[PDB]
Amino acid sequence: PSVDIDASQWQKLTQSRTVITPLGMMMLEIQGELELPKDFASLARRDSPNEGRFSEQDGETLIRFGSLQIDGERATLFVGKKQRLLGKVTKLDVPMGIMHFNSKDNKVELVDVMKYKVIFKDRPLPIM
């Protein structure tokens, strides 16, 4: 089999319109496992306005799991209520293409091109 890579949409969006691409995307990397609850639906009902940990976006229940603060090359990541990780914004030696593989029609579409990433490879710290 064979199929062309479609980059028309990405091209049009690129011509139109920090590390965030003009298409509004970014790459986060953590040396570890991001532990999220197995049941968003159950916890979303217990979610209080004070916590603001869950919300509905386009029919999907999203969890607010952290905060990101970018200071130049330096970056700080808050995870949950109790974790703080120090990391950096690094330029990718080899830029990464994000592509969407449509299994239905066996078509490939270029989503975006990643040139930077925010990486955290060091052990999490207390919040202060």
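Each residue number is its position in the shown sequence, starting from 1.
Coordinates are given for every deposited residue between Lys107 and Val108; the gap count there is zero. When 23 to 31 is weighed against 48 to 56, 48 to 56 comes out higher, by mean CA B-factor as recorded in the entry. Relative to its counterpart among 110 to 118 and 6 to 14, 6 to 14 has the higher mean temperature factor, C-alpha atoms as listed in the PDB entry.
The maximum CA B-factor among the listed residues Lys38, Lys91, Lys82, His100, taken from the PDB record, is found at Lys38. Highest CA B-factor among the listed residues (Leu43, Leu62, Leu77, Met96): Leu43.
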